[PDB]
Every structure is written in C-alpha cells, then in structure tokens.
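S.K.: Please read through the structure below; I'll follow up with questions.
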Amino acid sequence: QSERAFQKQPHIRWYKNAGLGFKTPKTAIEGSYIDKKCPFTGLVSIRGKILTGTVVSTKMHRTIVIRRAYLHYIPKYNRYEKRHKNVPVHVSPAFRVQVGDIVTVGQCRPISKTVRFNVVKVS
Amino acid sequence: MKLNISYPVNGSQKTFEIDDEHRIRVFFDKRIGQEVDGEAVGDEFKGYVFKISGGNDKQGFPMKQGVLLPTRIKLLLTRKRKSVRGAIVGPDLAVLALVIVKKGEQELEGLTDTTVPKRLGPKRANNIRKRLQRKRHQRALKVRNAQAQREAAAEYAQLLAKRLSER
Amino acid sequence: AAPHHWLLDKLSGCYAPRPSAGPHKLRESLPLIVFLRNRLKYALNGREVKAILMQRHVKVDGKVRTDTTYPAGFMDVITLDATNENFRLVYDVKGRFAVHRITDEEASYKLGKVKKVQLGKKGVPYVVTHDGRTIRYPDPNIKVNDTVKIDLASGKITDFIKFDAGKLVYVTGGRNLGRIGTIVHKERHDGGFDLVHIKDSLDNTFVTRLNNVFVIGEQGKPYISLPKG
Amino acid sequence: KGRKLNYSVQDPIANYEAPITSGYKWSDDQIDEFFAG
Amino acid sequence: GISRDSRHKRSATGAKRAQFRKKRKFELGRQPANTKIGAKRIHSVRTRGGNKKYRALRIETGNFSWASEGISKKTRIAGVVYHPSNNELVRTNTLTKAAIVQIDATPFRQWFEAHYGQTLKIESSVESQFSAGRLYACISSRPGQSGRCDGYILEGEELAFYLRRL
Amino acid sequence: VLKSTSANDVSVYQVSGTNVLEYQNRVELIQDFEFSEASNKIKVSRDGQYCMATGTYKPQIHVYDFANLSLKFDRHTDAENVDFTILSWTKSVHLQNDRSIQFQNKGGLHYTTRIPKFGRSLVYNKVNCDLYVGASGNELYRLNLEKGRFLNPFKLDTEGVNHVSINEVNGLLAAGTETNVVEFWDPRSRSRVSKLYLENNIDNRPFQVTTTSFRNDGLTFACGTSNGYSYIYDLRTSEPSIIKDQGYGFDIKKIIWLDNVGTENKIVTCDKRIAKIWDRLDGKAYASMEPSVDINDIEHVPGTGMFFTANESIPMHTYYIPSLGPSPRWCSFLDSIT
RNA sequence: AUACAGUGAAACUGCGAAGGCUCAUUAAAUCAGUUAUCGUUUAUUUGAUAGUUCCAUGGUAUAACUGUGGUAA
RNA sequence: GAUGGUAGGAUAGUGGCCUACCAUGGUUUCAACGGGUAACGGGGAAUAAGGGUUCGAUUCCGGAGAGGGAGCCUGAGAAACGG
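Structure below.
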C-alpha cells in the first residue's frame, strides 16, 4: 500500500472521530490504510450539510460520482420534470461502491477543483 | 571660473572669480577628494592646499562625489531620473568648491583675517557636560499590577477547582 | 435605505445611519441615534443626541459608551440616569425592536446564548456570547445554545439555563423572528431545519434553525419580565 | 503530452529576425576540406 | 507566479468564451524561490497587513531531528538526490520541503557519545552513516514560507522506504 | 587609488567588491549595481553599451546603459532564469528554470513559448536564424526565428547536455553531454559529424562536460568538465588534448577567449570560486581573480581589459587588468584613478 | 519673569480631499439571497489577556538656522 | 490540465491555482455545449402611492481607462483617479 514516494503516512495508526451520527469502521480506526482525506482519520474536519443519492460512475480511483434526483414543485407547466445532479467524491475504506448504492456525503474543505464531499455512509 | 573656498575651523568662506584658465588648469582631471596645491592655481597663495568638495557647473547642475565621466549623466536619486554632472572637474564648471586645510604664505583679509563665531551652546545635559519620583511611581504601579493580576488569575482558577470538585 | 427592525418612519431623511462596529452584527442591532432620537424621542436631531451623549446619560450594559452609532443588539439593557430609565429591548412578533421598560433588579443582569466552548490556551475553559463576553470558567456541561446570565457589575456568569426538550426559547432569525411559546415539538436534524418548535394561540407549528433560537427560561417562569398588550 | 511539444506556428516570432545570405565567412568547400577527417 | 483563479481555465463541464477580467491583487502569485545552499539570506516580504513572510533562498543551518528520541540539532546541507515533484530539481540541487538531503552527522555523533559514553541497538544501514558521517534526512519546514530548514532524520523503516526508491 | 590583490608579478583591481574616508572618496562606477542578495548571469551586448544582468529573487533583466553609468529598467520576469542570449539592439531571448522561453523587446515580453523538457542552455544562430536549445535527454531543440516553426530535434545520447555552442566563422555545433562525449553536430546538414571522447589521467569519477567554447579562427575548441579541468582541442591529432587541473576544482562554468584584444593566445577559465587566466601552448597561469564569495558565472567586455562577474552576494564585481588592456571609453578615467 | 513664558509670515508635524466621466455589448459564470471557513486576512468596535540578573541615567549625526554660491529656471 | 490521484511551489489560506510523475477520465435527450435582441432593456433590485392595472421608486447593463500596452512600489483594504 505504498506506490508513491515522500513518506506516505498519516500526518498527526492515527484515528479520530468527526462525531455527528456517522460510524468509523474498524479498519479505518486501526488499519493499514493511510486515510489522507477520508474524514474519519483524515486531515479534514466536518461541517456544513449532508447530501444523499445513488451513483453513475466510479471509474477513476478516489472519484465517486453521485447522482441526486429530487422532487421540486414546478408551477410553470404544472408537472414535475425530474432532477439530476452530479458530485465527485473521494474514497473511504468501507465500501467499494458499484452502480446503484444510495450513499451520503458531508461538506468539507475543497479537495480537488470540484469536490467538497466525502463518503460517510453506505446502506 | 569662480572658486568657492572655505576655511572650516575659523568659519570663513568666500568666492573668487579667477579668469586666466592656465591658472585653473591645475584642477583639471582631478576628481572629488584628491588634494591640490596653491602653487599652480596662484602665486600669491603658495603653500596652500584645498580638498575639493564638488561644484555646480554652468546650467547649475551639481556633481556628486565619486562616480566617473566629467560630462553630465542621468542617474537615480532621492527614485527618479535626475541629471547630475560627473565628479571630475573639467573646463566647464561655473563654481568649484574648495576647503583650505592649511594656510600657506599670505594672509587673506577675507578668509584668515576675518572670521565668524558659532551659533549657541548645547542644550542636552550630556552635551553641556561633554525623574526619581517617576522611578518611585513606576515601580509601585508595577508591583501593584503584579499583586493584582497574578493573584486574581489564581483566584478564579480556584473557582475552576471548586467547579471541578463539585462536578 | 433602512432595515425592517428599527420601526423607522419613511418621512425621516435620505441617508440612513449605518451602525458602527461593536458587540452585535449590523443586521441584528439598532444604534443609539435611531434609539433615542426617533423611537422614544429623547432628541430631535443628531446634534442634540450627540449633546446628550457627550453629557453621558446612557449606561448600556452598565458602562457609559458615549457613541452615536453604537450597535445595541438583543437585550442590551439601556440605562439612563435621569428618571432611572431601565430599558430591555427584545423582539416583537412582527420583526421590530420592542423596547420594554424594566426595573433595577432586572437591569442588574442580562442573559446570553453561548456560541462555543474552547480549550483555547493554557487549560482555560472559555465561553462567548452574542456581545462576546469572554468570561472565565463555566461548568463542563455548557453545550452550544445554552444561556448564561451575566453579572453586569463584574462579568461573571451567575445562573445557567440548560438547553433541552422542555425549555422556554426565543427565536431571533428567519421567518420565525420574534416568537414565543416553545412547545409543540422537538426535532434535531443533522445540518438544517433543526430546532424546538413554538406554539401559537391555536398552538400552531414552526420551523427554524439552532443558531436562530436561544433560551430565556422555563415553561411559565422566565426571570426576564416581558411586555404585554 | 498535452502542452509537451506543440508543433504549431506562432504569431510574433514568424518575423522576429531576418536571415543573412553569405553567413559563414568560410566556404562550404572549406567546410568539406576542413573536416574531411 | 501568475494567478490563483478558475477563470483562466476550464471546469468539469468544458466551457469556453472566457475573456473575463483584469486580474486583481488577491490573485497574487509570487515568483518560485527555489531555495539553495549558500550564505544565509532570507527576503522579508510583506503581505496582508504586517504579515511578514520569510522567503529563504540560501539557508544552511538545518535543524534536523533525531527520530527515536526527537533531538532537533543543528547541521549543514549537502544535496538532494531524489525528489520527483520535479526530477530536474535534484539535477539543479535546490532545497524544498519533503526533500531527502544529506547531512554530515557530526553533532549527532557528539550527542550519542555525550549521552551514551561509547561510540559506534540502532539499525545497521544508519550505523554505516554513524561511522562515515553523511546520513539521509528529509526536510519538514518550508523555507519558501516560514524561511526555515527543519527536518527529520532517516531511521530504519523510512530509510529503506527511500533507499528502495532511489 | 584602488587597492590591488597580490598575484604573479601582475596587478588586478576590483570595483564593487564586498568591501567596496572611503565614503567621501567613493570609487563607484555603476550606480545601483546591487541585486536581491545573489546574481544569475551577466553579459555585455555587442555594441559599446547596454549590459544585461539577470535577477535573483523576483528576477529582473537589469539593462545598464554604459554611457549613463546606471540602470535603465528591471522587467521582473515571471520565473527564475538560468540561461539567455542577446540579439541585436533591443531584442533578447531567455529561458527560465522551468521549460519556458521569454522574448523581451523594447516594450518587453513579446512572447512566452515553451520546450517539452526542462532546458539548460540556449544559443542563437546568426546564419538562417534558428536558436538551438539544449535540454535533458535525447532532445536538442530548435526554435527558428524564421517563420516561428519547430525543427526535427537533434537526437542525443541518454542523459542530455549541459551546454551548447555553435562556431562563429563556420558553424560547428557543440553539445557538452554527461558521458564525456562532445557530440559535434553540423548546422548545415542537421546530422552528427563526430562524437569525440574526453580523457584525463586522474579519473576521479565519471565527469560530465559542462562548458563549450570556440573562437573566431574556427580551428580550436575549448572544453570543460564537472571537475575543474580545462581542455583544448584541434582537428590536428584530435584524440589527445592539453589539460588544466585547477587547485580547487569543483565545476568549471565559464571558459572564454581573448581573441579580439591584444596580449594574445590567452584564455579565461572560471569555476565556482575562482576565475583564472592562462596562455595557450604552455598552460601557465597569467593571472587569477580571487573574490570574497562564490561565482555564478562571469563575462569579459570586448576591446578592453575588464571583467564582470555574477556572484552569490549583493553586488557584482568588476575586475580591471591594467596589463591586459586599458579601460574603455565610458570608463576612461579608471586609468586616472587607478 | 537676565535658561522657557503672548501676536506669530515660512518650515517639520496630526489629519483633509474618505470615492468622479466615457467607451466595446456579459444569459443565474454579471447579480441577489443562502451554507461554511478547527479552508483564511483583518486597522478601527466590543469582552478578555505577561514571572531566566558572578569580578542617580547611556553616543555622535542631521535639520530648521547662518554663511558662500551656481543656473534662464 | 481535459478528469482525478501523490508531492512540492505560491498563497491570506482550501484548491491542477502552477509544475514533475501516474491513471483516461468528466458533462449530456432527466436538455451538455453552443445561437440574439424592444441584455438605452431585464431580472423583486426596491419604495410603494386610498382606482394609473406591465407609465408610476431605485441598486446593477458587462468589464475596463486615466495618451498606449509592460514592469515595480505604498497600505487594515489597491495590481491607486492622487507614485
């Protein structure tokens, strides 16, 4: 689990808890995974709001592309055209998310150009 | 040329309009700080030595001490492009400033034989030579500030100790 | 150019008084010029309200604070020396600043919502409020959104009101701004529309936020006196 | 290899300088009989 | 440097027709000061009020930390052999954060002989540098921002973690 | 009268040294000659004025007018530089430590282009106008200033090249590689002509050649190393050479001739701390120019006996030799002060 | 009022001006609200907040000012 | 640099914001991306008026500019209407 230089390690194995109703799996408390930006050990802290939806693609690593269809009460043509949204998300050592898989994410500390959300739950 | 001359310790200074430029030609191609004799600028002031100290040329432009190039050049001074004549003196100076550091063979009824005094004596104590109630009040307010703050801090830290004992 | 909270008549002028910086925010306060001059009318213009501020009649939160645009926000007890004027100003039911008159034993204190508790430096517990009174050493059971009672002679917390299900809460913020009744429901969500819900005359229901609500007492016994109609 | 080696033609340098006809003061025959070996 | 804004570049949707704006003061990218070895010269630049920033260019006196006891002691700099955030950076021999640079470990010899008595439990491939003098150590501090050269020594696991690389 | 360092029966002088009554007898030649604590590279233009000195932190261009004895401007360029040339007057081309290339004009910053790999050296061709840029690897590139194209890059050996130079009277492209081979290409044919190998007698470690030079006869070639060892070369029995170990010997960076002033067959060598000067056909040191700080590189002004270094201190040193030649027309009272 | 003592040209100082016209046409990217910054800067407002001591007071160097001048300026 | 990962640089800091290396991604028929004006008009941007029903109160059209591009400096705040 070390394919890059420069002392791949936690930055002070290490373990913390964001709290607020989201579990930390036992390999993510005491396991060999580094958890650089996975918020359970991580360097990031949790805040903001939590969004939920199924996925479209998980092709690249550390990219979870959620879909999010939601109801909105349209008054214009008085029928509901169905919503769709997208958000990239970093991995977690709890679930290899495949197609389907309604999961939720919490807002924190922009990681790439467009990701502020990291997976905290699978159900 | 005109020669400004200054005898500094007596406090005297006067200009002298010296024509007849082969008298002047002793100063030529001698930059600022290098000394000179009275013998080749005059005969009536022999045994004289003048440290040159710059001079405005015609068109009024000054020379600053020690660069090069006795024509005019455009430098950056106190930062903007100001024109400044070179430190070396040539044929085209209007006035040239001189400090006489040894009187030679003739008295001068402008420089030597006439002098001005200084301005006024010193004002500072150490300059004349060469509070304690505030020292009471400073020390008293300092020890009172200590006996207030460093005791009050522990006086509410003990209230934290009471809250921790009751919790 | 005015907000809604000041109860400011439109036939007044063109430039509206921006409050200066201070304890509260700009959006949740009224300055002393809009307090004294054109609300309870102890002045007629800015010159004479500056004159009485130089005379120093005002004693808001027990200190003088001679300033025209001093942002008196929620329940800062304005104290005026002549005719022993003690004024606690709260929110009414339609968004304005209802300035209730109180007495001396009630203006000897105020209360404040706690915002955060910190282990800041050198082992010192720590508490802030909406006027920012960084007072030393409360108990460990100060959660967010509880209510301290400030001493107003020194700064110490004297009493403490715990935020839980079944407490009398005041809502300052959003579309519920200035309501009282605090019990139909409790619902703590995980990031928004999370609150304790407030009744009405027919005990209707309401939604707000945690930070937009803060406790003032118990079900029938607040030690703040409240105005009536 | 995106920005790496764009084989394009660029606008301000297309006539930034101008060549010279004779150039080298030697001859090309002097080049050949200079480094035959 | 130039910038810090998304306006000059494309987002996750592929947009065009940028032509946006004259760039502001708060998109300030300063020049990349590649810190080297020399005589200690730190430029004291200003930002955000009296926020002085120490931009080190020629720093030497690295405070490098003995790992197993945590003893940050003073030494010199030799050169970085491997740093593929730029593989030309080690060709030019600069000194940035997270670089693995070589140190004449003579004060670490002094501390070992001073708080242990004898000279040489510690690993063998760093005992070879205990004997010879030059040990590998990785910079922690930021000379381009904080102006300092601090670091941590290589002791065993992290040593082989870099020696298998290069 | 400026003081002179001891040497082999010869005199040199420094102006703007680390040490250079003195305040009131100041001997300052060029006003505002000081940088931000170091110096990158200095060179003097082909005409009689306008020397250019590259910057150190917030790196600049610093053109000094010799007939005004001060600074003209300082274009704070975008990145830190390593190598550049001057193309007459106002145009000039630069390349930075990143793989980018700037074209400065009278208005400044006419273009910024790039090369695909990290570059180390640049030279310009007076004939048909293609700048050759040496970089890391198999790659020695061209940017022709005629039609702005790119050209079919010259295929090198493994590691790369430290310095490229073309010969002046006939055009023989040098490229100082890492594996001691000098890789002479032909600027006519765009092909190799020779792969000359460099030898010694000490052989400490596998040195890399870092400096290449020619002169205006077109028959000899001055070679360097990464060890402090000058070399001469001719076509006449091109396998051996004459060599010059230097007494400290880290990396020689500047070896330049004296092929346009008097006191002939003389050459300047320059490694990191010292710069010396010796004679051809014997290999004996004429003089040396020991400063109080290290040297980033040097340059020699044409027609006269003066040198301009770029160093690691705040000012730059100028070195005057009143036996190699006189001081030039804009410095024509240096022979009157010292 | 024989070391200062009121008027006060011209000089240092504290601050003043604390937000004004024309020209080429951007579709929630210009804008408005909102979430957050234990992801960050902050003059001013407000509340808080300092414990290392071997054998009666420290130095020249510049003004303003005088004096000699240059230049059409 | 398109999409992300690792590290460094620069930052007031988050950030492919920039560079080395690596992977070939990402948005879209549930409307990507692109087409124009009564975009001198519109969007609550806001005051509303005791009968004017799209006239009728205002913030903002977009960003720039101090002869022309370029570089630098000052400050709690600037790429300054005053260098």
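Residue numbers (the authors' numbering), protein chains in the order written: chain SM, 8 to 19, 33 to 143; chain SH, 1 to 78, 92 to 143, 183 to 219; chain SF, 13 to 241; chain RY, 460 to 496; chain SJ, 2 to 121, 151 to 196; chain RA, 2 to 21, 41 to 108, 111 to 360.
We treat Cβ as the ideally placed atom computed from N, Cα and C, and that holds for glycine.
Might you give, ordered along the chain, the residues of its own chain that have their beta carbon closer than 6 Å to the beta carbon of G246(RA), omitting 5 neighbours on each side?
M.R.: Reading the sixth sequence from its first residue, position 224 is the one you call residue 246(RA). If we look at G246(RA) and ignore the five residues flanking it on each side, its Cβ neighbours are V231, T232, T233, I274, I277.
S.K.: So if I threshold CB-CB distances at 9 Å, which residues from the segment 462-477 of chain RY count as touching chain RA?
M.R.: Residues passing the 9 Å Cβ filter: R462, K463, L464, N465, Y466, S467, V468, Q469, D470, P471, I472, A473, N474, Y475, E476, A477.
S.K.: Below 7 Å CB to CB, which residues in the same chain sit around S69(SJ) once its five sequence neighbours on both sides are set aside?
M.R.: Locating residue 69(SJ) in the fifth sequence gives position 68, counting from the first residue. Result list for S69(SJ): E185, in chain order.
S.K.: Within the continuous alpha helix (DSSP H) that includes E60(SF), where are the two ends?
M.R.: To locate residue 60(SF), count along the third sequence from 1; it is residue 48. 58-67 is the span of the alpha helix (DSSP H), which, as asked, contains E60(SF).
S.K.: Can you name the residues of chain SM whose CB is closer than 8 Å to the CB of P85(SJ)?
M.R.: On the fifth sequence, residue 85(SJ) is found 84 positions in, with the first residue counted as 1. What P85(SJ) touches in chain SM: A12.
S.K.: I'd like the list of long-range same chain contacts for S9(SM), defined as Cβ closer than 8 Å, with 5 residues on each side in sequence excluded.
M.R.: By one-based count along the first sequence, residue 9(SM) stands at place 2. Answer for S9(SM): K15, listed in chain order.
S.K.: Count the other CB atoms within 10 Å of the CB of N138(SM); is the residue buried (16 or more) or exposed (fewer)?
M.R.: Taking the first residue of the first sequence as 1, we reach residue 138(SM) at position 118. With 16 or more other Cβ atoms within 10 Å, it is buried.
S.K.: Got a sec: is the Cβ-Cβ distance from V67(SH) to anything in chain RA below 9 Å?
M.R.: Looking up residue 67(SH) in the second sequence gives position 67. Interface residue, yes.
S.K.: Does the beta carbon of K177(RA) come closer than 9 Å to any beta carbon on chain RY?
M.R.: Mapped onto the sixth sequence, residue 177(RA) falls at position 155. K177(RA) does not count as touching chain RY.
S.K.: Using DSSP's beta-bridge definition, name the partner residues of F65(SJ).
M.R.: Residue mapping note: residue 65(SJ) aligns to position 64 of the fifth sequence, counting from 1. In the DSSP output, where bridge partners are listed per residue, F65(SJ) has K74(SJ), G181(SJ).
S.K.: Can you name, in chain order, every residue of its own chain whose Cβ lies under 7 Å from the Cβ of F53(RA), other than the five neighbours on each side?
M.R.: Here residue 53(RA) refers to the residue found at position 33 when the sixth sequence is read from its first residue. The answer, listed in chain order, is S17, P337, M338.
S.K.: Helix, strand or coil for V72(SF) per DSSP?
M.R.: Within the third sequence, the letter at position 60 stands for residue 72(SF). Helix at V72(SF).
S.K.: In the DSSP assignment, find the alpha helix (DSSP H) that holds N138(SM) and state where it starts and stops.
M.R.: Within the first sequence, residue 138(SM) is the residue found at index 118, counting from 1. Looking at the DSSP string, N138(SM) is not in any alpha helix (DSSP H); the run it does join, the beta strand (DSSP E), is 137-142.
S.K.: Given a limit of 8 Å on CB to CB distance, which residues of the segment 29-40 of chain SJ reach chain RA?
M.R.: Correct list: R31, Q32, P33, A34, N35, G39, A40.
S.K.: By the 10 Å Cβ neighbour count, where 16 or more other Cβ atoms means buried, how is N57(SF) classified, buried or exposed?
M.R.: Numbered from its first residue, the third sequence carries residue 57(SF) at position 45. Exposed, since its Cβ has fewer than 16 Cβ neighbours within 10 Å.
S.K.: Please classify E114(SJ): does DSSP put it in a helix, a strand, or coil?
M.R.: Taking the first residue of the fifth sequence as 1, we reach residue 114(SJ) at position 113. Helix.
S.K.: Rounding to the nearest angstrom, what Cα-Cα distance links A198(SH) and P135(SH) in this structure?
M.R.: On the second sequence, residue 198(SH) is found 146 positions in, with the first residue counted as 1. On the second sequence, residue 135(SH) is found 122 positions in, with the first residue counted as 1. Cα to Cα, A198(SH) sits roughly 42 Å from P135(SH).
S.K.: Alpha carbon to alpha carbon, how far is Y166(SJ) from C179(SJ)? Give it in angstroms, no decimals.
M.R.: Within the fifth sequence, numbered from 1, the residue matching residue 179(SJ) stands at position 149. Within the fifth sequence, numbered from 1, the residue matching residue 166(SJ) stands at position 136. Computed Cα separation, rounded: 15 Å.
S.K.: Is there a C-beta anywhere in chain SM that falls below 9 Å from the one on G132(SF)?
M.R.: Counting from one through the third sequence, the residue named residue 132(SF) turns up at place 120. Closer than 9 Å: no.
S.K.: If the criterion is Cβ atoms closer than 9 Å, does the pair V64(RA) and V290(RA) meet it?
M.R.: Translated into the one-based positions of the sixth sequence, residue 64(RA) becomes position 44. Translated into the one-based positions of the sixth sequence, residue 290(RA) becomes position 268. Not closer than 9 Å, so no.
S.K.: What residue from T48(SJ), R49(SJ), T62(SJ) has the CA that sits closest to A40(SJ)'s CA?
M.R.: Taking the first residue of the fifth sequence as position 1, residue 40(SJ) is located at position 39. Nearest of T48(SJ), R49(SJ), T62(SJ) to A40(SJ), Cα basis: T62(SJ).
S.K.: Going by beta-carbon coordinates alone, are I162(SF) and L189(SF) separated by less than 9 Å?
M.R.: Working through the third sequence from its first residue, we reach residue 162(SF) at position 150. Working through the third sequence from its first residue, we reach residue 189(SF) at position 177. Result no, Cβ atoms of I162(SF) and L189(SF) do not sit closer than 9 Å.
S.K.: If you drop the 5 nearest sequence neighbours on each side, which residues of the same chain put their C-beta closer than 8 Å to that of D126(SH)?
M.R.: For the purposes of this step, residue 126(SH) is taken as residue 113 along the second sequence, with counting starting at 1. Correct list, in chain order: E120.
S.K.: In this structure, what does DSSP give as the bridge partners for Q126(RA)?
M.R.: Here residue 126(RA) corresponds to residue number 104 of the sixth sequence, with the count starting at 1. BP columns for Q126(RA) point to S114(RA).
S.K.: Just the C-alpha distance for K43(SM) and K141(SM), rounded to the nearest angstrom, thanks.
M.R.: Counting from 1 along the first sequence, the entry for residue 43(SM) is found at position 23. Counting from 1 along the first sequence, the entry for residue 141(SM) is found at position 121. C-alpha separation (whole angstroms): 8 Å.
S.K.: Inspect the beta-carbon positions of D151(SF) and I173(SF) and report whether they are closer than 9 Å.
M.R.: As a first step, residue 151(SF) must be located in the third sequence, where it is residue number 139. As a first step, residue 173(SF) must be located in the third sequence, where it is residue number 161. Not in contact: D151(SF) and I173(SF) (Cβ atoms no closer than 9 Å).
S.K.: So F47(SF) is in the alpha helix (DSSP H); what residue range does that whole segment cover?
M.R.: As a position in the third sequence, residue 47(SF) is number 35, starting the count at 1. 44-48 is the span of the alpha helix (DSSP H), which, as asked, contains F47(SF).
S.K.: Quick one: is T78(SM) near chain SJ, going by C-beta distance under 9 Å?
M.R.: By 1-based counting over the first sequence, the position of residue 78(SM) is 58. With 9 Å as the cut-off, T78(SM) does not count as an interface residue toward chain SJ.
S.K.: Determine the contact status of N94(SJ) and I38(SJ), defining contact as a CB-CB distance below 9 Å.
M.R.: As a position in the fifth sequence, residue 94(SJ) is number 93, starting the count at 1. As a position in the fifth sequence, residue 38(SJ) is number 37, starting the count at 1. Against a cut-off of 9 Å, the Cβ pair of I38(SJ) and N94(SJ) comes out as a contact.
S.K.: Could you say if the segment 215-225 of chain RA and the segment 243-263 of chain RA meet the contact criterion of at least three C-beta pairs nearer than 8 Å?
M.R.: These segments touch.
S.K.: Measuring CB to CB, does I343(RA) end up less than 9 Å from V11(RA)?
M.R.: Numbered from its first residue, the sixth sequence carries residue 343(RA) at position 321. Numbered from its first residue, the sixth sequence carries residue 11(RA) at position 10. Result yes, Cβ atoms of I343(RA) and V11(RA) sit closer than 9 Å.
S.K.: Measure from the alpha carbon of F45(SH) to the alpha carbon of each residue in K116(SH), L111(SH), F16(SH), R94(SH), then state which is nearest.
M.R.: Position 45 of the second sequence, counted from the first residue, corresponds to residue 45(SH). Answer by Cα proximity: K116(SH).
S.K.: What number of angstroms, rounded off, separates the C-alpha of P471(RY) from the C-alpha of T134(RA)?
M.R.: Working through the fourth sequence from its first residue, we reach residue 471(RY) at position 12. Working through the sixth sequence from its first residue, we reach residue 134(RA) at position 112. One C-alpha to the other measures close to 10 Å.
S.K.: Any C-beta of chain RA within less than 9 Å: which residues of the segment 51-77 of chain SJ qualify?
M.R.: Flagged, chain order: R56, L58, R59.
S.K.: Just the C-alpha distance for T194(SF) and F218(SF), rounded to the nearest angstrom, thanks.
M.R.: Counting from one through the third sequence, the residue named residue 194(SF) turns up at place 182. Counting from one through the third sequence, the residue named residue 218(SF) turns up at place 206. Rounded to the nearest angstrom, the two C-alpha atoms are 10 Å apart.
S.K.: What is the rounded straight-line gap between the Cα of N150(RA) and the Cα of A162(SJ)?
M.R.: Against the sixth sequence, residue 150(RA) aligns to sequence position 128. Against the fifth sequence, residue 162(SJ) aligns to sequence position 132. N150(RA) and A162(SJ): Cα-Cα distance of roughly 56 Å.
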